[PDB]
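Enquirer:
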Ligand SMILES: [Mn+2]
Ligand SMILES: [Mn+2]
Ligand SMILES: [Mn+2]
Ligand SMILES: [Mn+2]
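Residue numbers (PDB author numbering), protein chains in the order written: chain G, 1 to 423; chain J, 1 to 423; chain D, 1 to 423; chain A, 1 to 423.
Have a look at this one:
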């Protein structure tokens, strides 16, 4: 009976040092029933998961920046960062399948993040294909990507579906938050509304079930928005009543005492279900992170923690230049093994085009010459995109075109280009 | 007869200073027969063509940069550039509906170009919604976009469809080139192939017909890659026979004598069927542009020209600081009223992120600080995206939410945000 | 300061027979503040809106079927139906931008509906382009489409965005229903959850404010699932308190007294905020729809109703042939001016393909030739797709190529075709 | 090296009974150089191509229908067809990412075809998912898909790129035709233009290289339109000169003597670089088919052929009902192991909706109840889609939902649904 052999193999897989901490309130029987008859392979997802787990257990910490194009993810890997962050904020702003500029209010189409992850993996694969074609070895391009699944884009089935989509697109890891989908909001926005703790756990179980049904040890990050969230949908859950002042808004939200206490309560509740815990934060406060991490290690020794080094903070207002300089080392040492500047891509794209565009209006081609000279200078450090035809794969596609002809083509592109003759 | 007015009203619109020197080898009765029973209204396109036309005549010249995201487009407009360039090179590298990193060899889906125009206009539309709600109006958001139609992605029927798609999306001008569509290549790549003059003209006719059928006076830009391309597909056209050496390649291609000679032949053929002539060039050489300008102006005095200040040139290697600085004034004088840096969008993005990522790898939040610190300094020039919640409409959608609510609303986004607290 | 002229124009358009007894809890100045500098024209939306309203005021009733491709819509208009239904259920199952087969649980991307409207309006537009070129005009092609906006896919902001999307696509009417977005099911599935009355009203205001913002009088259709829904998110609304039992579920949902009385409570609550009321129903019961009409008209005389002649009912099981044959004429007398078979596309498509497939396995082209004959015979009833090159516009694009070629062209498609030879 | 060992794995995988008599004008080392550093698994494409090969070699022949929705493909598999045809034509008319209705004139976005293969595999994945959850085995859902790549949509790299696209979407075979890509049109349209035989060969080689790089034995079908095509781009190939009259068109096309001898010249040139050969024909003439099967097998013994049972033929005009009944049986014994009704999807869809729309326009719900009854009748033969909630996976998701809850759930959809009361 290969039914009983398959369920056997599911079970053995579940019972390894990965998953040591974690609870699955479903049998292997259940996963078997719901995964169909043919097990599809998700190479980039599996590789990304295994590589992210190992980095997280073998590095001081993993520091990322959000990317909203493949070209950005590419230059992040070229610089030597070992993981890539997929910001829903950045997706709303400038990269969704509605083609709109959106504030972080869950207004964009739900397949936007997965498609971007798929685009980022595609850029990374072309980089690798190009490097491989030149017999280079100096970069491992399949950087784990950690993706924003917001509040699930609805109910647990919506969670289940987006988890599967992120895996198909090949994400190493996926974060889910405890906000009301109908009213999801940026973590550094007012008006945040919590769901019942049991609600947030159902969401996390749907993540893991999805991941199991795809047969990938995708990393589940449980985020909580409870440190600032002074609104709750329902007082039904015994764990949430203690935080309810017993008053109610004209929409019938329950008012709650937000602060590290409600953040810790949610963190503790979610941690048997999550590979990593994320506590949204009003400011960069190394002390608040020490107390949050202390609280969580108190009952969950060595549980991975992630920290948002948000551009949503005015860093040099909240902190002296020495503390900033040490911030990621300090967060490192408390257990925050994954740290990510969420809106790095937006700020990098918007500021960089503003400075070029404004100098261009003023000084025309002087502005562009200066950028091209900055790009040449940066070649000493790894940068190469100044040679933009090679950068995007004109080299690679020329070699394809030559294998297809047999050496006899008058239409080789990189040969006789301004790139080969002026750089 | 209501039909007779419609056929009269088309004709009247053709017989205006807008179409002063340009030939339509088809009749008002034709446009009528092909345009359906209902006149659909393309506001963004009409506005853009009318303003692109008025600007190219009023202003000394109009310099633009390539946008590949809505955000790049909008920061170009905020920095006071009066028009946006849509590079297909850029669509191919990092912004196409296949989600692939591609060289400039028409590998991406043909609807990628227009989807991006819509996306950009969606962003300028949200910027305009924002400024309007705030009673500001110190900026004109609806900058006209000039878009890459490459070589029409195939036959004249393809040219027809991609022009309509671009007008639907709100392009002000579209540019077609005279490369073989199966073998289309960056203009600065080797191994480019010409179609005959009559085929190149069929494409520009199909493009005006598209525009006449939609009822919009869209600027038509005709590009010649003949300045460098030494391959041609047919010896069929009288005007081209003079350039064929007599050699033929193993593929079939007729070899031709490239040079300013061929470009002038092509430009002069195209000039009566286009609004603006763009001679692709292999170095940023002003005498070459002067020679070309006077050649067209000899026959077509006051005909509009376009110069691609290509990042595919190495400006300091090829020019002294004085020329670079004066380059665009020079071109404007010669009659080049639209000057564009095609790959600006690409190099801003890649350079900016390689530089943030690299500094961030060594120095953690100290690097991100310097970007935030620079973003604040940039406000002296009119940069605002440092306050990123407001930049992308958080404030606009609050107003909408409060109007929907009466005013009784607890889930407002911007009030209570770290953005109001710390900025 | 032409502000005051523009605000006056907004106000006047609101005091017309259209929008008689239609409540807007907002001012013309609010609309002015949100709509932006510039007023983009939505020709199909305007036409469709204006036409659908006239049709509901001059016809015994409009009876329509569900469409999930252009071709389907196209043949519905060819058959003489005057309007088109866009089913979210059908989007779910076989026409969504995730390209997944889903049950009706809002598991698909929220832009799938508006995309499908654009595609239909495209097919219809080409049908029109063809007929116009051939000089025919026995069909008016611009049958208004009524589109499913489910429960807004989230909050009032989610509603406002999806309305505007539908208006860009060219919908005449959009329905919203009073289920929770995260728990949205098919109205004939079990375990539906209502939101509070004040919540549904906010969604219907967001809808209108979207329409006002876009200068288009789009039909708004408030749906209620309160006839069958035994759950509710919150007892906050004074108006809902009567229906609550006081039991709450293990998830916190308040049990309520599902039935025509709740359906009626919601209908009367929504009626002043929508042009059309639709009471979902669990069997085709004329007496039921009589009660419901009497109740609404009791307090809102004239109010247009809409009825789902759902395929989710077994029509033979529930009704004799006499009533089935009378059903739509009876509803029309009651004020159900828009009646629609939601899953007509689904059953037509799956049945037809299964039957062809089943026969083709056993009998090969013997089976296909029966269909091919069935199709010729259908020419008695007005079918023409049997000649499938002319059906999709081979002739029309041939007319375009000729105009382009100046009559020339040795590549015409329909000259030489097996269609001219064999049909 | 591990390099030499990977190069070998490639070399060994070619040196097998598949690839039989198949020339690659490149080395395993070439595939290694271009394939990047990781090799991604492609389960559906590998299963599809292994199964297709196996069917084509063990069944008397495979007969398949066109499909333009997953639902159409679903039902094709359920009625018991062993394979699915993806038709570029159908994609043009009612299934393209332009959302346009198009004639078969290569006017749609190239990734349309691959996007539709994804959707269909998804549909079959959810059917399989359902049948597993109900513990059924009677149907094998993973029916191989044969998809249209037209003329590669451009140069050989466009062929490279769409072949990959088709593989990562899970296509089992892809077909390529020797018409000029910019003038590409229906096999049964006039005005077809041939590319040189050397160029047809590059496109096939491009196809094999893509499949080899993704490491999947995708079935390549070479198609020729040289039976009817009387135009050619270049008289350059020495195999093509014989058929040149020496006349030229104004466009510069070479007139050629079209017919079975030209199609046999193309078939014999292409045979060594394809697994299966396809001669496009103007009528369902069994003699023509024997003369082709013969010409080809004379030099390429046991070469698989494909036949288009085209709906572009008026079947009962050209043949007696005796010959029609026996048509696929005969073609089979001649060696035509793949036989497909290209446009079955279009005809099934347009017929069934026109018929219902017309009946519904006259007799209202009497018309719909006749279809539903016709649907119930069909259950005798395996149809089940009349219970439409179970068909699209409401049951499957109810089980997912119940495993996430652990049995404490009041929002189960089939529980209390009209489907479970009336069916
Ligand atoms: Mn987020
Ligand atoms: Mn280009
Ligand atoms: Mn629905
Ligand atoms: Mn085809």
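The C-beta atom is built at its ideal place from N, Cα and C for all residues, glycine as well.
1. Within the segment 121-171 of chain A, note down every full alpha helix (DSSP H) run reaching 4 residues or more, in order along the chain.
2. Between residue 278 of chain G and ligand 1, is there a pair consisting of the residue's CB and a ligand heavy atom that are separated by less than 7 Å?
3. Once the 5 residues before and after residue 71 of chain G are set aside, which same chain residues still bring their CB inside 7 Å of it?
4. Is there at least one Cβ from chain J nearer than 8 Å to residue 397 of chain D's Cβ?
5. Whose Cβ in chain A lies nearer than 7 Å to the Cβ of residue 94 of chain D?
6. Closer than 8 Å is the cut-off here; do at least three beta carbon pairs connect the segment 30-50 of chain D with the segment 290-309 of chain D?
7. Between residue 351 of chain J and residue 419 of chain G, is the Cβ-Cβ spacing less than 8 Å?
8. Have a look at residue 394 of chain A and residue 412 of chain A and give me their C-alpha separation to the nearest angstrom.
9. Tell me which residues of the segment 155-174 of chain J have at least one Cβ-Cβ distance to chain D shorter than 7 Å, keeping chain order.
10. Measuring straight from C-alpha to C-alpha, what distance separates residue 28 of chain J and residue 10 of chain J?
11. Which residues, in chain order, sit with a beta-carbon under 6 Å away from any heavy atom of ligand 1?
12. Of all the beta strand (DSSP E) runs that stay within the bounds of the segment 317-401 of chain J, which reach a length of 3 or more residues?
13. What does residue 309 of chain J pair with, by DSSP beta-bridge criteria?
14. Quick check: the segment 310-323 of chain G against the segment 26-40 of chain J, are at least 3 beta-carbon pairs closer than 8 Å?
15. Let me make sure I understand the geometry here. Which of G:258, G:255, G:90 and G:254 has the alpha-carbon closest to that of residue 147 of chain G?
16. Based on the DSSP secondary-structure assignment, which residues constitute the bridge partners of residue 276 of chain D?
17. My output table needs one value for residue 61 of chain G: the three-state DSSP class, helix, strand or coil.
18. Based on the DSSP output, what are the partners of residue 84 of chain G in its beta bridges?
19. Return no unless some Cβ of chain G is closer than 8 Å to the Cβ of residue 43 of chain A.
20. Between the beta-carbon of residue 385 of chain A and the beta-carbon of residue 354 of chain D, is there less than 8 Å?
21. Taking 8 Å as the CB-CB limit, is residue 217 of chain D close to chain J?
22. To the nearest angstrom, how far is the alpha carbon of residue 364 of chain J from that of residue 82 of chain G?
23. If you draw a straight line from the alpha carbon of residue 129 of chain G to that of residue 396 of chain G, how long is it in whole angstroms?
24. Hey, residue 163 of chain J and residue 211 of chain J are a contact pair by Cβ (cut 8 Å); roughly how many whole angstroms apart?
25. When you compare each of A:106, A:414 and A:238 to residue 154 of chain A by their alpha carbons, which one comes out closest?
26. Entirely within the segment 246-292 of chain A and at least 3 residues each: give me those beta strand (DSSP E) ranges in chain order.
27. Assuming residue 177 of chain A is part of the beta strand (DSSP E), what are its boundary residues?
28. Output, in sequence order along the chain, the residues in the segment 352-385 of chain J whose CB is closer than 7 Å to any CB in chain G.
29. Do residue 224 of chain J and residue 280 of chain J have their beta-carbon atoms positioned less than 8 Å apart in this structure?
30. Does any residue of chain G bring its CB to less than 8 Å from the CB of residue 111 of chain D?
31. Could you please give me the residues that DSSP links to residue 244 of chain J through a beta bridge?
32. Who are the neighbours of residue 60 of chain G on chain J, taking C-beta pairs under 8 Å?
33. Which of the three DSSP states is assigned to residue 55 of chain D in this structure?
34. Is residue 34 of chain J close to chain D, meaning its C-beta is less than 8 Å from at least one C-beta of that chain?
35. Is residue 186 of chain J close to ligand 6? I mean its beta-carbon at under 7 Å from any heavy atom of the ligand.
Expert: Let me lay it out:
1. Counting only runs of 4 or more, we get 156-168.
2. Residue 278 of chain G has its CB no nearer than 7 Å to any heavy atom of ligand 1.
3. 123
4. Chain J has a Cβ within less than 8 Å of the Cβ of residue 397 of chain D.
5. 69, 70 and 71
6. no
7. no
8. 9 Å
9. Correct list: 156, 157 and 160.
10. 6 Å
11. G:88, G:89, G:104, G:148 and G:150
12. With a minimum length of 3 residues, the continuous beta strand (DSSP E) runs that stay inside the segment 317-401 of chain J are 336-341.
13. The partner list for residue 309 of chain J (beta bridge, DSSP) is empty, contrary to what the question assumes.
14. no
15. Per the C-alpha coordinates, the member of G:258, G:255, G:90 and G:254 positioned closest to residue 147 of chain G is G:90.
16. D:221 and D:304
17. coil
18. DSSP, once it has assigned bridges, lists G:145 as partnering residue 84 of chain G.
19. yes
20. Cβ distance < 8 Å, so residue 385 of chain A and residue 354 of chain D count as in contact.
21. no
22. Residue 364 of chain J and residue 82 of chain G have their alpha carbons spaced roughly 14 Å apart.
23. C-alpha separation (whole angstroms): 7 Å.
24. Right, their Cβ atoms sit about 6 Å apart.
25. A:106
26. Taken in chain order, the complete beta strand (DSSP E) segments of 3 residues or longer contained in the segment 246-292 of chain A are 254-256 and 276-279.
27. 173-177
28. Cβ contacts with chain G: 352, 353, 354, 355, 356, 357, 358, 360, 361, 364, 365, 366, 368, 369, 371, 372, 373, 374, 375, 378, 381, 383 and 385.
29. yes
30. The beta-carbon of residue 111 of chain D is placed less than 8 Å from the nearest beta-carbon of chain G.
31. Per the DSSP secondary-structure output, residue 244 of chain J pairs in a beta bridge with J:256.
32. Ordered by position in chain J, no residue passes the 8 Å Cβ test against residue 60 of chain G, which lies about 11 Å from the chain.
33. helix
34. yes
35. Annotation note on ligand 6: not contained in the displayed structure, which lists ligand 1, ligand 2, ligand 3 and ligand 4 as its ligands.
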